[PDB]
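**Q** Just passing along the structure, written as structure tokens.
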Amino acid sequence: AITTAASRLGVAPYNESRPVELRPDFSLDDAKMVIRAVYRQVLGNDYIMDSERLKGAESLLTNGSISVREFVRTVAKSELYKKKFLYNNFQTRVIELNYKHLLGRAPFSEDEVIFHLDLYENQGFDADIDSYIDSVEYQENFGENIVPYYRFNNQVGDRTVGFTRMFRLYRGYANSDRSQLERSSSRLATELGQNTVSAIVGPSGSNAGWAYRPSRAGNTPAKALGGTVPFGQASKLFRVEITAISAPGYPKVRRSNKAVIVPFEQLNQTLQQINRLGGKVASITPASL
Amino acid sequence: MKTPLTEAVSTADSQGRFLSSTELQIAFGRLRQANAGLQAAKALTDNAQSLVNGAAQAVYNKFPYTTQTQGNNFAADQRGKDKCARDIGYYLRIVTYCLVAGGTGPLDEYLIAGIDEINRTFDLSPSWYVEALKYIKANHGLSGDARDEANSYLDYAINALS
Amino acid sequence: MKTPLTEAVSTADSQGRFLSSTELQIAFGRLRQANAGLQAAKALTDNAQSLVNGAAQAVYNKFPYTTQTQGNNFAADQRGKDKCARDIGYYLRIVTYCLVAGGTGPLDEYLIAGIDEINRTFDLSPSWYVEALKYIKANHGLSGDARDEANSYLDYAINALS
Amino acid sequence: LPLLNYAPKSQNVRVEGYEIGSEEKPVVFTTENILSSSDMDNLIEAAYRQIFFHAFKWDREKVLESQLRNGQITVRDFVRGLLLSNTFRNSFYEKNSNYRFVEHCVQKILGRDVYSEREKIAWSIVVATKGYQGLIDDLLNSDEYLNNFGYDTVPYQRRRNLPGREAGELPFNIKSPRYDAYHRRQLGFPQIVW
Amino acid sequence: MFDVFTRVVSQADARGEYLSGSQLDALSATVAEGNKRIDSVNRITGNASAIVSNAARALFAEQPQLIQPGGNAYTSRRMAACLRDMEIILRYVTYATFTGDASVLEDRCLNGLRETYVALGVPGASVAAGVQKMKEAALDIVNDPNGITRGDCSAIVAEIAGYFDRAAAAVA
Amino acid sequence: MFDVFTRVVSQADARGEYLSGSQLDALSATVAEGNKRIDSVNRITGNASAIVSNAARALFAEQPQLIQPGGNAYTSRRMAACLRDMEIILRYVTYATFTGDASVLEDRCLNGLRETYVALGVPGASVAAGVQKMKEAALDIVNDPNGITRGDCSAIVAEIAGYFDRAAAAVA
Amino acid sequence: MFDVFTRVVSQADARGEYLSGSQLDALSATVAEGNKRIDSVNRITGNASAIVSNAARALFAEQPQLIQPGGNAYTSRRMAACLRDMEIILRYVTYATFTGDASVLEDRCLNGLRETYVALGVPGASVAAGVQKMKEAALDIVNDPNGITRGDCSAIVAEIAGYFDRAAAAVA
Amino acid sequence: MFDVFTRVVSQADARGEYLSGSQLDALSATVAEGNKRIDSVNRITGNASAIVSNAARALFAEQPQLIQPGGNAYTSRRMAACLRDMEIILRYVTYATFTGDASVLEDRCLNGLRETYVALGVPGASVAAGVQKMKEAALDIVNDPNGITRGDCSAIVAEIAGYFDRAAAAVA
Ligand SMILES: *[C@@H](C)[C@H]1/C(=C/c2[nH]c(/C=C3N=C(/C=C4\NC(=O)C(CC)=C4C)C(C)=C\3CCC(=O)O)c(CCC(=O)O)c2C)NC(=O)[C@@H]1C
Ligand SMILES: *[C@@H](C)[C@H]1/C(=C/c2[nH]c(/C=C3N=C(/C=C4\NC(=O)C(CC)=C4C)C(C)=C\3CCC(=O)O)c(CCC(=O)O)c2C)NC(=O)[C@@H]1C
Ligand SMILES: *[C@H](C)[C@H]1/C(=C/c2[nH]c(/C=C3N=C(/C=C4\NC(=O)C(CC)=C4C)C(C)=C\3CCC(=O)O)c(CCC(=O)O)c2C)NC(=O)[C@@H]1C
Ligand SMILES: *[C@H](C)[C@H]1/C(=C/c2[nH]c(/C=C3N=C(/C=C4\NC(=O)C(CC)=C4C)C(C)=C\3CCC(=O)O)c(CCC(=O)O)c2C)NC(=O)[C@@H]1C
Ligand SMILES: *[C@H](C)[C@H]1/C(=C/c2[nH]c(/C=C3N=C(/C=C4\NC(=O)C(CC)=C4C)C(C)=C\3CCC(=O)O)c(CCC(=O)O)c2C)NC(=O)[C@@H]1C
Ligand SMILES: *[C@H](C)[C@H]1/C(=C/c2[nH]c(/C=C3N=C(/C=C4\NC(=O)C(CC)=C4C)C(C)=C\3CCC(=O)O)c(CCC(=O)O)c2C)NC(=O)[C@@H]1C
Ligand SMILES: *[C@H](C)[C@H]1/C(=C/c2[nH]c(/C=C3N=C(/C=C4\NC(=O)C(CC)=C4C)C(C)=C\3CCC(=O)O)c(CCC(=O)O)c2C)NC(=O)[C@@H]1C
Ligand SMILES: *[C@H](C)[C@H]1/C(=C/c2[nH]c(/C=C3N=C(/C=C4\NC(=O)C(CC)=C4C)C(C)=C\3CCC(=O)O)c(CCC(=O)O)c2C)NC(=O)[C@@H]1C
Ligand SMILES: *[C@H](C)[C@H]1/C(=C/c2[nH]c(/C=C3N=C(/C=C4\NC(=O)C(CC)=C4C)C(C)=C\3CCC(=O)O)c(CCC(=O)O)c2C)NC(=O)[C@@H]1C
Ligand SMILES: *[C@H](C)[C@H]1/C(=C/c2[nH]c(/C=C3N=C(/C=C4\NC(=O)C(CC)=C4C)C(C)=C\3CCC(=O)O)c(CCC(=O)O)c2C)NC(=O)[C@@H]1C
Ligand SMILES: *[C@H](C)[C@H]1/C(=C/c2[nH]c(/C=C3N=C(/C=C4\NC(=O)C(CC)=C4C)C(C)=C\3CCC(=O)O)c(CCC(=O)O)c2C)NC(=O)[C@@H]1C
Ligand SMILES: *[C@H](C)[C@H]1/C(=C/c2[nH]c(/C=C3N=C(/C=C4\NC(=O)C(CC)=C4C)C(C)=C\3CCC(=O)O)c(CCC(=O)O)c2C)NC(=O)[C@@H]1C
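Those protein sequence lines, which keep their order, are chains BL, AY, BI, BK, BD, AT, AZ and BJ. Numbering-wise, the first sequence is residues 2 to 290 according to the entry's author numbering. Numbering-wise, the second sequence is residues 1 to 162 according to the entry's author numbering. Numbering-wise, the third sequence is residues 1 to 162 according to the entry's author numbering. Numbering-wise, the fourth sequence is residues 3 to 196 according to the entry's author numbering. Numbering-wise, the fifth sequence is residues 1 to 172 according to the entry's author numbering. Numbering-wise, the sixth sequence is residues 1 to 172 according to the entry's author numbering. Numbering-wise, the seventh sequence is residues 1 to 172 according to the entry's author numbering. Numbering-wise, the eighth sequence is residues 1 to 172 according to the entry's author numbering.
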């Protein structure tokens with residue numbers, strides 16, 4: 002599980018949050034809890050005004066006319082969901098959001114993008130939503146009566162690439178999935194296309210270097226190809242992600258976010274230099290050996 | 001890590017060059033020294049406990065105050081004696097590592113770098129360890145190139161301390 | 001050479017700016033501390049010989065081996081005792097210089113910089129000088145601001161040695 | 003041991019020049035501009051001229067160039083690799099005294115002339131005490147270097163030309179060739195003609 | 001970085017209002033409690049080496065696997081790095097005590113410190129334990145009643161304890 | 001994923017021509033080595049629990065800081081996550097041995113594991129040490145000449161060792 | 001970087017133990033193999049230019065899409081980068097052969113190379129094929145019997161083959 | 001560099017002697033003058049722009065050839081360089097007044113300044129005249145009796161005048 006780093010990430014509130022299940026012969030609080038959980042999770046923690054609430058779907062779920070899975074399907078096919086997540090987004094971002102909301106996980110590979118983009122283009126959005134919800138993964142994780150939840154912990158058919166990409170899609174508890182730094186841009190297009198991973202940067206209030214985002218181009222690669230040779234004698238190399246660089250001012254500072262591969266022996270100096278340039282360290286990852 | 005093969009390759013690589021006859025001669029010298037170094041390491045290992053106990057006793061004899069003066073940095077009680085024997089064992093074992101590797105690289109990376117800050121911080125005198133290393137020099141019972149290489153490492157530690 | 005006035009001007013010049021109210025407050029603090037520091041320097045100066053002799057004797061009491069072990073680094077003979085008293089006098093005089101200047105600058109420039117290489121090379125243990133400085137702290141008989149500033153310099157020297 | 007204290011000297015770089023970009027403003031070769039391969043060739047050649055004056059293809063470091071192109075290393079790291087390279091050690095360190103190696107290090111890393119003989123004297127002990135790379139890293143991690151060129155810009159001779167003047171100070175590749183009269187007489191030059 | 005005055009200055013500037021009378025006399029109280037803050041900084045500084053060395057000895061006694069071979073504090077270089085780290089944490093805690101604001105500690109010491117320990121394999125819990133030992137020793141030295149003008153230093157001791165706690169939480 | 005045949009198939013399709021005679025002969029050679037590949041997979045799988053438990057015991061013995069209170073293998077939840085990770089790495093190494101290709105191990109298990117361990121505070125160097133211990137145990141299990149039709153299995157053992165090396169390098 | 005001696009030394013130092021008799025005798029066996037190691041390094045080095053050029057020529061002959069207009073080896077700078085990548089791989093193989101350890105080849109040549117090739121669009125499989133060509137040429141040069149003291153060099157040849165296969169597996 | 005105290009300290013250390021009673025009393029007398037020194041620094045600082053601008057205007061009124069075309073102060077950049085030079089000389093004079101020693105003025109402002117002016121063709125005599133005009137305006141500002149605690153500031157005025165003359169003589 003995630004214990005020591007749960008609070009630093011946004012995982013701690015979901016560690017003591019048990020899955021919301023609608024039992025047979027449920028009470029009215031159970032129905033309202035299912036409605037609340039579905040709104041929070043399927044709509045990605047957006048505030049839901051009263052005028053946008055799906056009154057009929059709520060009534061049907063309360064009555065038992067539809068299951069939790071059907072209510073999730075109705076919410077995901079609603080005009081509210083399409084306004085929030087479909088009409089203003091690149092379809093790869095739509096797929097990321099679908100996986101995050103309906104399956105509680107990030108996409109694993111480019112094959113899922115292929116399948117979902119082909120299915121949207123050939124049969125429409127409703128059929129694509131159905132494929133998320135009628136999937137074997139959905140059935141094994143949530144089934145018919147459980148609200149989908151974030152699957153932070155390791156499971157049977159996982160890939161660790163999904164664990165890394167979850168924190169690219171999830172940015173903290175007080176965050177709303179339409180209120181993230183990257184806004185409407187797809188977070189995983191480059192990663193899924195290149196089968197790569199990014200160093201995990203935690204949410205704002207727990208991580209000073211939360212705002213680090215690589216640019217379109219001119220990014221320092223993950224590994225130190227060449228070893229320690231350009232740095233003279235060095236023991237080990239580290240990739241350091243730095244955000245909020247401002248002190249020298251333009252033109253000395255062009256991009257406020259910079260990744261640098263530095264030797265172990267210059268780590269002290271690198272940290273002091275970061276403090277001087279007013280930056281915040283987002284992550285430090287071994288780059289050699 | 002300062003050993004003949006790694007240093008030859010690192011110098012060649014920093015120059016971006018293939019290994020030339022200079023690096024081959026470095027390898028040949030390493031091959032000439034390697035068997036004697038390995039035998040010296042074996043002889044030191046086989047006699048490790050006796051050398052360490054005798055070195056600690058020689059230090060206690062030359063600096064008697066280390067055995068009856070109270071304090072964390074002394075060997076008055078059994079705790080300080082255990083720390084002293086462990087330190088001398090560290091010295092001897094890393095010297096054997098140097099004999100295996102054919103250079104002072106193990107001493108530099110494991111023991112030499114930062115030893116002065118340790119000695120100043122914990123109020124440990126380098127002269128104690130110098131006497132221990134002199135005991136190891138006088139009683140390792142080596143000869144020839146084994147003795148010369150082992151004495152070179154022990155003198156390296158002594159010079160780094162004194 | 002770290003003193004409040006020179007540090008204030010160094011900070012202003014590094015930023016290329018005139019002396020603002022921050023540096024004026026620095027000078028005001030220097031003026032507030034100055035008279036106490038100068039009387040303390042005078043008090044230490046008048047009682048310098050007895051303080052140096054007592055500190056040397058205290059070191060000899062705390063480390064008796066320094067008084068009868070032969071060697072250049074010990075005070076077994078009169079020459080070693082003269083060297084020890086001279087070193088303690090150096091410490092006390094530079095501490096008075098620090099009191100006059102209002103900062104650890106004289107200690108940094110005259111004594112602190114390079115003392116580790118001195119002690120390692122001539123096999124002088126810094127614990128001896130730590131004992132001398134502790135005697136000086138306990139026996140200078142100062143009070144208030146003067147005692148606080150002089151004790152700050154003596155603890156600065158102790159921390160450098162340890 | 004701390005560095006000797008040496009007094010600065012009046013220099014153009016010490017004083018505000020109110021510079022407006024012109025033909026005498028050194029070209030800013032920076033990887034912050036996402037340079038194409040040909041612009042990277044130009045930047046790389048600027049680094050070779052700054053560090054080695056001229057780089058024969060025996061002097062080139064193709065591995066370092068590939069690493070800089072890929073983004074493995076910064077421009078400052080490439081400059082360090084040039085200074086740690088065999089060309090720089092053979093031409094500028096080996097053939098000169100320690101004092102005239104500090105010059106050829108202040109001049110082409112910091113882009114300014116040495117304050118005095120005392121600065122040369124003070125920095126000359128660093129090679130023998132902290133190592134060659136110790137000197138290189140001290141100059142590259144200095145506040146002067148980072149404030150002027152940072153990590154991403156090739157260093158250059160700073161404030162060589164004042165506005166309106168026909169000629170500025172001598173370019174450091176003219177003022178200070180790789181060696182001087184010491185290695186000149188070790189080689190046996192000057193040679194008599196005819 | 002911020003000091004105690006500069007922190008309320010920045011808050012007031014963000015609100016765009018003059019410092020109120022309550023803020024002004026809270027600052028006057030801070031100034032009035034200035035001598036004790038200076039004494040605390042001086043006492044921690046004058047015993048810094050003893051604090052670091054004693055805390056290191058206690059920490060390595062309670063956690064011998066740190067210093068055994070293969071342990072992160074084994075070899076001279078890693079031991080020296082550990083000692084230096086302890087001294088750095090103590091120095092920045094003294095800086096934060098001097099300023100009256102923990103901005104210097106966050107921005108200049110703990111910025112990237114967890115990440116660095118993780119990347120290197122430094123056990124964050126153990127360095128947090130070392131920071132706690134330095135906390136007990138430093139608070140003991142600050143609260144020493146001998147050789148000083150008696151007074152209530154509970155507020156400054158609590159502030160120093162908060163700086164140490166924030167450092168320990170930052171590294172673990 | 002890719003197996004040993006589909007790898008050369010994908011390369012040929014990228015090139016747009018038929019597998020050559022040498023490629024078909026190399027594949028036939030790999031087919032002829034299939035019984036020993038199956039034997040190695042079976043032997044590691046049959047001893048998987050012993051490999052994981054023994055290597056975890058050896059790892060926590062040589063690195064007691066992992067299991068000290070405050071260490072990353074301390075508490076049941078963490079110990080169990082660690083044991084599960086080692087079994088997962090062993091399982092994907094066996095998968096790579098079975099397919100004759102490392103793609104399943106790289107793409108499903110190793111890609112992003114280093115970033116994951118850094119984010120969680122899991123010490124990747126110790127994970128690499130545990131992986132090396134599973135390597136030595138599994139290699140000695142595959143080479144055991146008792147109860148098997150004798151033959152040279154050095155190529156298969158070298159391939160398994162390479163998969164273990166990729167796993168150990170991916171976590172540090 | 002580890003050579004053959006420093007690898008075992010570092011493992012022993014981490015375990016906190018002296019090298020056992022078996023480890024010392026294995027190192028002695030490596031020492032007895034040193035002359036053949038130096039010959040193999042010298043022979044590959046002596047024909048490095050021919051190996052790289054002939055391997056590239058054969059690779060471009062059997063894969064014309066590399067050197068077609070718009071292919072990845074088209075334009076002089078990209079062709080020179082390709083020839084350079086071949087020479088670098090061969091040089092690091094020689095470094096690994098000289099040290100008796102793959103640490104130099106792993107750390108300074110192969111770490112991150114697959115990611116770089118994928119990012120740029122350099123076909124890693126074609127690079128692996130070129131590396132295989134240098135493999136076969138190099139191993140034929142090392143095994144050439146005339147003008148050298150006759151001896152069994154099968155172990156050294158197998159070690160060089162392993163380095164070449166490791167490079168080919170890393171780039172693809 | 002040096003201040004008043006550090007100059008005597010350096011001289012005593014070269015002599016290897018304690019500061020005598022006379023030197024300590026002289027330094028105490030300097031301390032008693034400290035408030036007037038701070039007032040002088042503050043008054044020159046608070047009117048630095050007026051001092052520089054008025055002295056420059058007077059200098060160019062009595063030496064019109066400086067600002068005539070072809071003159072050294074002609075063109076905005078040169079004229080601005082001249083104003084900046086005058087400001088720098090005044091700033092280092094204030095530094096010398098603050099520290100009470102001329103070391104900062106000699107080491108950081110006047111060291112090599114004559115040679116710089118000779119190389120650039122800047123008329124050093126005219127720079128000295130501008131410095132003198134700064135001196136007279138600054139001394140009148142330091143001696144203004146309005147809005148200050150009355151006392152005899154003759155010594156600090158003479159010291160500031162000496163610094164100004166030193167700056168003028170370094171360039172004349
Ligand atoms: C290195 C891997 C070790 C080794 C192996 C080895 N095995 C064989 C032969 C066979 N092994 C099997 C195995 C199985 N049959 C089954 O029904 C199952 C259970 C599902 C298994 C795993 C088979 C079918 C054969 C062929 C018949 C036989 O029993 O011999 C060989 C011989 C060569 C071959 O490829 O067939 C070898 C070499 N030998 C060693 O010495 C290593 C310790
Ligand atoms: C397989 C690699 C081939 C092989 C090698 C082989 N070499 C020797 C012996 C020696 N080779 C050398 C090498 C050099 N001498 C030099 O001065 C240079 C340039 C610096 C080189 C490269 C040396 C010194 C020896 C020892 C003396 C001798 O000339 O024989 C052997 C013999 C065994 C040994 O380990 O010494 C062997 C086997 N032999 C083959 O047949 C392979 C094709
Ligand atoms: C009000 C004082 C200021 C202000 C606020 C404002 N906030 C938003 C949007 C969001 N606020 C939150 C915060 C939370 N959601 C939670 O669940 C929690 C607890 C865990 C918190 C703290 C979120 C996540 C959002 C985004 C969700 C959404 O539906 O917007 C807005 C709306 C912005 C917009 O609609 O574009 C606003 C306006 N605005 C001001 O001007 C005040 C200073
Ligand atoms: C055809 C003229 C050129 C070409 C096309 C090509 N594209 C892909 C793959 C993808 N294209 C997309 C595009 C979109 N995603 C969206 O969200 C939108 C609509 C809102 C668009 C237009 C995506 C996401 C992919 C990836 C998924 C997929 O592969 O289908 C490919 C395949 C790439 C591969 O290697 O798999 C191709 C071939 N290629 C050419 O050569 C033409 C010039
Ligand atoms: C054991 C040798 C070391 C160790 C391990 C450890 N790991 C975790 C947590 C996780 N491990 C993974 C890894 C994977 N997830 C996958 O899906 C895959 C296979 C495809 C892998 C390899 C992940 C993602 C996590 C977090 C999520 C989860 O655990 O479910 C922990 C727990 C950390 C914590 O509780 O915060 C531990 C302890 N720790 C050591 O000290 C050993 C060196
Ligand atoms: C003005 C319309 C808005 C605004 C601006 C604002 N910007 C900054 C700071 C920076 N802006 C840059 C700019 C660039 N980097 C580049 O490389 C490029 C292209 C060449 C550009 C345009 C950078 C690097 C910084 C940081 C360093 C610097 O300040 O120079 C600030 C200051 C932010 C701070 O608090 O430090 C501001 C205010 N802000 C608004 O409110 C407007 C909407
Ligand atoms: C023996 C010659 C004398 C002596 C010894 C003594 N040493 C210590 C404590 C330490 N010794 C070391 C040394 C090393 N640890 C390393 O990692 C390495 C490299 C392999 C070396 C050489 C260190 C770091 C310490 C301090 C921390 C630790 O516990 O290891 C002590 C204890 C002092 C204390 O305050 O605990 C003692 C007593 N003392 C004598 O009087 C002997 C003559
Ligand atoms: C006295 C506490 C112990 C002691 C002293 C002792 N010291 C030396 C030698 C030197 N002491 C110094 C120190 C300084 N010189 C300076 O200029 C200053 C700064 C102003 C200091 C602190 C130096 C440099 C030396 C060596 C050169 C010299 O001889 O002056 C010795 C003699 C060592 C030798 O080898 O001759 C001695 C005996 N001895 C004790 O036993 C006391 C406990
Ligand atoms: C004004 C009173 C007179 C005058 C001045 C003048 N000076 C310059 C140029 C420079 N002045 C300096 C001086 C300094 N550099 C230092 O390091 C120090 C201490 C910090 C000082 C005071 C230097 C180096 C220059 C050249 C660099 C630059 O100008 O940016 C000029 C400009 C000359 C030119 O050719 O542009 C002028 C005009 N000239 C007069 O006529 C007045 C008498
Ligand atoms: C000691 C209580 C624990 C411990 C310490 C330890 N730390 C390191 C290495 C580093 N520590 C830092 C931290 C800083 N550097 C700075 O300049 C500052 C101020 C901003 C801080 C806080 C850094 C950057 C490093 C690496 C760089 C360096 O030169 O060390 C080590 C060494 C790790 C290694 O060598 O691999 C150690 C051992 N270890 C323990 O076991 C204690 C719990
Ligand atoms: C609080 C933790 C402890 C404590 C402190 C305390 N101190 C004072 C007063 C003073 N302390 C100083 C300090 C210095 N003078 C110097 O010259 C130096 C070096 C530069 C220092 C550090 C001063 C100037 C004063 C004021 C005059 C005086 O001597 O009293 C007080 C008194 C109240 C006040 O705030 O001034 C107190 C309470 N007392 C304790 O009992 C705590 C353990
Ligand atoms: C040749 C067999 C194949 C080929 C190669 C090719 N590679 C690149 C570009 C790069 N190659 C590297 C590799 C290294 N540089 C290093 O420093 C190290 C470690 C010492 C290695 C192994 C790098 C870093 C690059 C990128 C930067 C650079 O320009 O060098 C190219 C050029 C691609 C481009 O210019 O965009 C090429 C062509 N291409 C083929 O088609 C062959 C199969």
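Idealized CB from N, CA, C, for every residue including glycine.
1) Would you mind working out which of AY:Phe63, AY:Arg30, AY:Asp87 and AY:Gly54 sits nearest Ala138 of chain AY, comparing C-alpha positions?
2) When the Cα of residue 175 of chain AZ is compared with those of AZ:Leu27, AZ:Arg57, AZ:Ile88 and AZ:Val41, which residue comes out closest?
3) Whether or not the stretch 5–13 of chain BK and the stretch 110–124 of chain BJ are in contact is what I'm after, with contact meaning three or more pairs of Cβ atoms, one per stretch, closer than 8 Å; do they touch?
4) So which residues put a beta carbon under 5 Å from any heavy atom of ligand 6, going in chain order?
5) Taking only three categories from DSSP, how would you classify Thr229 of chain BL?
**A** With the structure as the only source:
1) As a working note, residue 138 of chain AY is residue 138 in the second sequence. Checking every option, the nearest Cα to that of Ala138 of chain AY belongs to AY:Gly54.
2) Only positions 1 to 172 of chain AZ appear in the structure, and residue 175 of chain AZ is not among them; the question remains open.
3) yes
4) BL:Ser247, BL:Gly250, BL:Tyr251, BL:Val254 and BL:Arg255
5) The sequence position of residue 229 of chain BL within the first sequence is 228, counting from 1. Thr229 of chain BL falls in the coil class under three-state DSSP.
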